[PDB]
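Colleague: Submitted below is the structure of interest, expressed as C-alpha cells.
Because the Cβ atoms are built from the backbone with ideal geometry, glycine has one as well, and the counts that use them run over all protein chains shown. Just so it is clear, none of the values below were taken in a lab; they were calculated from the coordinates.
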Amino acid sequence: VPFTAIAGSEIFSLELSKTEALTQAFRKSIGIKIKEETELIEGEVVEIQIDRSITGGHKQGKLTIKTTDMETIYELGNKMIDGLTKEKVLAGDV
Amino acid sequence: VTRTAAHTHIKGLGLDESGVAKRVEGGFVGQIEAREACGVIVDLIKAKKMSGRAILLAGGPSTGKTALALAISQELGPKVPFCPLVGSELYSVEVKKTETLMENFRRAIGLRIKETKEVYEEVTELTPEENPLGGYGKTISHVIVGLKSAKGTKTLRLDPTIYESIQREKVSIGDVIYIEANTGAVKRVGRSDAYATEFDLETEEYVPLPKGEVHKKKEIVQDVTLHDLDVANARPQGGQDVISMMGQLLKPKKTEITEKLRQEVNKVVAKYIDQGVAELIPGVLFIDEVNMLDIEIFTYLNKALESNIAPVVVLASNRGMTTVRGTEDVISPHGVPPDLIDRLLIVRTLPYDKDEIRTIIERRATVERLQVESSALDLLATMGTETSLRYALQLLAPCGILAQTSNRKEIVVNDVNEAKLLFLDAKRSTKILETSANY
Amino acid sequence: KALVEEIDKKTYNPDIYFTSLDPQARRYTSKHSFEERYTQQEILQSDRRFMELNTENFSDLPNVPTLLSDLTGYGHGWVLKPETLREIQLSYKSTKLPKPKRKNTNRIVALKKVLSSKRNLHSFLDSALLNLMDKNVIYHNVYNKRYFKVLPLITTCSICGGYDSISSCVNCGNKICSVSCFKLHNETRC
Ligand SMILES: Nc1ncnc2c1ncn2[C@@H]1O[C@H](COP(=O)(O)OP(=O)(O)O)[C@@H](O)[C@H]1O
Ligand SMILES: [Zn+2]
Ligand SMILES: [Zn+2]
C-alpha cells in the first residue's frame with residue numbers, strides 16, 4: 001500500500017499547474033495491481049546453435065535448454081537469436 | 001470490492017409525465033419544487049429544441065446541489081455529453097481562461113457519426129508480374145495476392161500501392177493481413193496458424209486464424225464531439241522523416257483555437273450531416289463554486305450566453321450578499337452581478353428535515369451495507385438536525401468499524417458516542433482553539 | 001541496447017551466435033505435398049505399420065507378407081474347412097430348400113472350380129482371369145495426384161494427449177508434452 005506523504009508547500013511548480021499537481025496527487029493516491037500470465041523457458045541451455053535460413057525450414061536453430069529435472073532441446077524461430085545476445089552473453093544462461 | 005462515496009445511492013429524480021414526484025425514490029427525498037423544475041428543464045433539454053439556457057439556484061452546503069447535478073446528468077443517459085468541472089479550474093496556465101471556456105462549450109455539444117467500411121484478409125498464393133510504354137525502366141502495377149481467411153478464399157489484385165503495403169507489412173505467404181480497401185494499406189492481424197510451428201519457439205504471436213469470409217464488410221457508429229476533431233487536426237498524424245518523430249516526441253501544449261477553424265469544422269460537419277452521416281445533440285454544462293469567478297468572466301458571459309451553439313448551462317452559487325472576486329463595489333446576491341442575473345432565473349434549494357434526514361442516514365446505512373439501530377439512528381439524525389447531517393454521514397463508517405471491532409453488526413449508542421469522543425466536529429472546535437498557547 | 005558498448009567486431013552476425021561451456025567443444029554447422037517432403041523408406045515403414053493395423057489378431061498377424069505383396073504388386077487357410085463347409089449342410093437344419101436347379105454347362109462347372117478355388121487377389125495378379133490394365137484401373141483409380149495437405153498438422157502427444165507445455169526429446173525427436181512421459185520416452189521411445 002504505497003502512500004503519498006508530501007507537505008503542501010511544494011504544490012507550486014514551474015512545470016505542473018495547481019490543478020495538474022492536485023490531480024496527479026489524487027490519481028497517485030489510488031493504485032492498481034496488474035496480474036499478467038507471462039511464461040518462461042528455464043534450464044541450462046548448454047549450446048546455442050543458429051543454422052541458416054533454409055527454404056524448407058526457415059530456422060533450424062538448435063538450443064539445448066534443460067533444467068536439473070530433465071534434458072531437453074529446443075528450436076529458435078528466426079526471431080530470438082539476437083534476443084539472447086542483445087547484450088553479449090554466452091550459452092548456458094538461464 | 002466496492003466504493004460508495006456520498007453517492008451511488010441516487011439513480012434518478014423519480015418523476016412521471018404529470019410532474020408528480022415520489023417522496024422516497026431514486027435516492028431523493030423531499031424537494032417537490034426543485035424536482036419539478038429539474039424535470040421540466042430536462043424535458044426541455046431532451047427535445048434538442050434550444051441552446052444557451054441558464055439557471056441559478058440558491059443552495060447552501062449539503063442542501064443537495066451536487067446530488068441534483070448528478071441525477072440530472074444521469075437523466076439524459078451516458079451518451080449525452082456532460083463536463084461539470086470545478087470553478088477553480090478555469091484559471092489555467094498555458095491558455096487564457098476565456099479560451100478554455102470556449103473549449104468547454106465546444107466539448108459540450110455532441111454528435112453521432114458513422115462510416116461503413118470493407119476489408120480483406122492468410123494468403124493462399126502469390127503471383128507478381130504493365131509496360132513503361134516509353135523511356136521508363138518498367139511499370140509494375142498489378143500482383144495477384146492470396147487471401148485465405150476461414151470461410152472461403154478469394155484472391156484478388158488491386159492498385160500496386162496495396163502491393164507495396166504488403167511489403168510494408170512484411171508478411172510471408174503464410175501470414176494473415178487485414179486490409180481495409182478504403183485506403184489500400186495494411187492492418188496486421190499477425191502471423192498464421194496453418195504455416196506455423198516452423199520452429200519450437202516464436203516471439204512473434206502465432207495469432208488465431210481469421211474467422212469468416214474474406215470480403216468482410218461492416219458499419220461503425222461513433223459519438224464524437226468536435227474538440228477531439230480540432231485537437232486531432234492540430235497535430236500531425238503520420239510522417240516518416242525527422243520532423244514527424246521529433247514532433248511526436250515533443251510534448252504538445254494547450255493553445256488558442258482560432259475562429260476560422262470553428263467555421264471550417266462547422267462547414268464540414270454540416271456537409272456530413274446533410275448526407276445522413278451524423279445526427280445532432282446539444283450538451284449540458286455545469287460549474288460549481290461560481291462566486292469565486294472574477295467580474296471579467298461574469299460580464300463576458302453576458303455576451304457568451306448569446307452564442308447560437310452554446311448548450312444549456314447551469315449556474316450554482318451558494319453565498320449571499322457578496323462582492324464578485326476582484327470587485328471593489330460590485331456586491332450582489334450569491335456573488336453574481338445583476339447585469340448577469342438579468343439573463344436567467346432563480347431556484348431555491350433548501351436543507352432537509354427530521355424524517356428526511358433520518359431516512360437519508362438509514363439509506364446511507366443500506367448502501368454501506370450496515371445495520372442501524374433505532375436509538376443510534378435517532379441520535380445521529382437529531383444531532384444532524386441541530387448542527388449537520390454530514391457529521392452523522394462521516395460517523396456512520398467509523399461506527400461500523402467500531403461495531404466490527406466489537407464483533408457486532410449494528411451501531412449502538414456506545415459506538416456513536418465513542419466516535420463522537422474520538423472525532424470532534426466544527427462546533428466543538430469553535431470554542432476550544434482560543435485557549436492554545438502554542439498555535 | 002547499451003549504446004556504443006564494448007564490441008571488437010567478433011562475429012556479431014545477427015543470425016550467428018554459438019557459445020557453450022565446452023562439454024563437446026564444437027560450433028554451428030557450415031561448409032505442400034508429403035511426396036515432396038520426406039523419402040520413401042519411412043513412408044514404406046508407416047504403410048507396413050498400417051497394414052499390421054489391418055491385421056486384427058493371430059488370424060491375420062502373419063498375413064503381412066500377403067498384404068505387402070498385394071499392395072506392392074487353420075487360421076488363414078481359406079474358408080473351406082469341413083468344420084465350416086462340410087458341416088453347414090446340417091447347420092441350416094431349421095429349414096432350407098437346397099435343390100439342384102441347373103443344367104450341365106461350363107458355367108455349372110465354374111460354380112465348383114471357382115467355389116473352392118483357393119484363389120486370392122494375389123493369384124488374380126498371377127492369373128489371366130483378368131487382364132493387366134484391370135488391376136491398374138483398380139489400383140490407380142483410387143490414389144490421388146498432388147493434394148496432400150490443405151489444413152495444418154496437429155502433432156499430438158505420443159503417449160498422453162496434452163496440448164500445451166510440449167517439448168521434444170534431445171535425440172529421438174518425438175513429440176511429447178509432460179516431462180512425466182519422458183521417463184518412458186527415454187526408455188521405450190528414444
Ligand atoms: N434530498 C436528498 N436526499 C438524499 N440525499 C441527499 C439529499 N440532499 C443531499 N443528499 C446527500 O448529501 C450529500 C452531500 O450533499 P452536498 O453535495 O454537500 O449538497 P450541496 O451540493 O447542496 O452542498 C450528498 O452525497 C447527497 O447524497
Ligand atoms: Zn505424453
Ligand atoms: Zn527421446
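Colleague: When the residues of region C:143-190 are filtered to those that are charged (D, E, K, R) and within 25 Å of C:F34 (Cα to Cα), which remaining residue is nearest to ligand 1 (Cβ to nearest atom)?
Modeller: Kept after step one, since they are charged (D, E, K, R), are these residues of region C:143-190: C:145-146, C:149, C:164, C:175, C:183, C:187, C:189.
So of that shortlist, the ones also within 25 Å of C:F34 (Cα to Cα) come out as C:145-146, C:149, C:175, C:189.
On the way: C:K145: 79, C:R146: 76, C:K149: 67, C:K175: 63, C:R189: 70 Å.
Here the answer is C:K175.
Colleague: Within region C:149-190, how many residues turn out to be away from chain B (no Cβ under 14 Å) and either among the hydrophobic types (A, V, I, L, M, F, W, C) or at positive phi (or both)?
Modeller: 9
Colleague: Please count how many residues of region B:286-338 are hydroxyl-bearing (S, T, Y) and not in a strand (DSSP E or B).
Modeller: 4
Colleague: Checking the condition away from chain B (no Cβ under 14 Å), away from ligand 3 (no atom under 16 Å from the Cβ), surrounded by 11 or more Cβ atoms within 10 Å (Cβ to Cβ) and of a type in the set (K, R), which residue from C:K135, C:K145 passes?
Modeller: Answer to the check: C:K135.
Colleague: Further question on the same structure: Residues in region A:21-33: is at least one closer than 30 Å to B:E204 by Cα and out of contact with any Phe, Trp or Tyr (no Cβ under 8 Å at 6 or more places or on another chain)?
Modeller: Looking through region A:21-33, at least one residue is closer than 30 Å to B:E204 by Cα and out of contact with any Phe, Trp or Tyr (no Cβ under 8 Å at 6 or more places or on another chain).
Colleague: If you take the residues in region C:157-189 that are under 21 Å from the mean Cα position of the chain (by Cα) and among the hydrophobic types (A, V, I, L, M, F, W, C), which one is nearest to ligand 3 (Cβ to nearest atom)? It would help to see each step written out before you state the result.
Modeller: Taking region C:157-189 as the starting set, the residues that turn out to be under 21 Å from the mean Cα position of the chain (by Cα) are C:157-159, C:172-175, C:188-189.
Subsequent filtering for residues that are among the hydrophobic types (A, V, I, L, M, F, W, C) retains C:157, C:159, C:172.
On the way: C:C157: 13, C:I159: 12, C:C172: 3 Å.
Filtering first and then ranking leaves C:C172.
Colleague: Now a separate question. Can you find a residue that is acidic (D, E), more than 12 Å from chain C (Cβ to nearest Cβ), farther than 30 Å from A:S13 by Cα and not in a strand (DSSP E or B) anywhere in region A:38-48?
Modeller: Yes - at least one qualifying residue is present in region A:38-48.
Colleague: Here is a further query. Would you call C:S94 within 16 Å of ligand 2 (Cβ to nearest atom), more than 30 Å from B:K148 (Cα to Cα) and over 24 Å from the mean Cα position of the chain (by Cα)?
Modeller: no
One line per residue, one yes/no per condition, for (1) in contact with a helix residue (DSSP H, G or I) (Cβ under 6 Å, 6 or more places away or on another chain); (2) in a loop (DSSP other than H, G, I, E, B):
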| position | (1), (2) |
| --- | --- |
| B:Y352 | no, yes |
| B:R358 | yes, no |
| B:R369 | no, yes |
| B:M383 | no, no |
| B:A392 | yes, no |
| B:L402 | yes, no |
| B:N407 | no, yes |
| B:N414 | no, no |
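Colleague: List every residue pair whose Cβ atoms lie under 8 Å apart, where the two residues are 6 or more positions apart in sequence or sit on different chains, the first residue falls within region C:48-61 and is of a type in the set (S, T, Y), and the second residue, located anywhere, is loosely packed, with under 11 Cβ neighbours inside 10 Å.
Modeller: C:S59/C:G75
Colleague: Being within 16 Å of ligand 2 (Cβ to nearest atom) and of a type outside the set (A, V, I, L, M, F, W, C) is the requirement here; does C:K175 meet it?
Modeller: Judged against the criteria, C:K175 is a match.
Colleague: Looking at (1) more than 9 Å from every other protein chain (Cβ to nearest Cβ); (2) over 22 Å from the mean Cα position of the chain (by Cα); (3) of a type in the set (V, I, T); (4) in a loop (DSSP other than H, G, I, E, B), can you tell me which one A:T23 breaks?
Modeller: (4)
Colleague: Which residues, counting only those in region B:172-196, are within 14 Å of another protein chain (Cβ to nearest Cβ), surrounded by 15 or more Cβ atoms within 10 Å (Cβ to Cβ) and assigned to a loop (DSSP other than H, G, I, E, B)?
Modeller: B:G174, B:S192, B:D193, B:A194, B:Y195, B:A196
Colleague: Checking A:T72 against (1) exposed (fewer than 12 other Cβ atoms within 10 Å of the Cβ); (2) β-branched (V, I, T); (3) within 11 Å of chain B (Cβ to nearest Cβ), which single condition isn't satisfied?
Modeller: Tallying (1) exposed (fewer than 12 other Cβ atoms within 10 Å of the Cβ); (2) β-branched (V, I, T); (3) within 11 Å of chain B (Cβ to nearest Cβ), A:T72 fails exactly one: (1).
Colleague: Being closer than 30 Å to A:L90 by Cβ and in contact with a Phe, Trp or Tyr (Cβ under 6 Å, 6 or more places away or on another chain) is the filter; apply it to region C:20-51 and report the residue that is surrounded by the fewest Cβ atoms within 10 Å (Cβ to Cβ).
Modeller: Residues of region C:20-51 that are closer than 30 Å to A:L90 by Cβ, as a first pass: C:20-31.
Keeping just the survivors that are in contact with a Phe, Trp or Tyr (Cβ under 6 Å, 6 or more places away or on another chain) gives C:27-28.
Numbers: C:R27: 12, C:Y28: 16.
The extreme case among them is C:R27.
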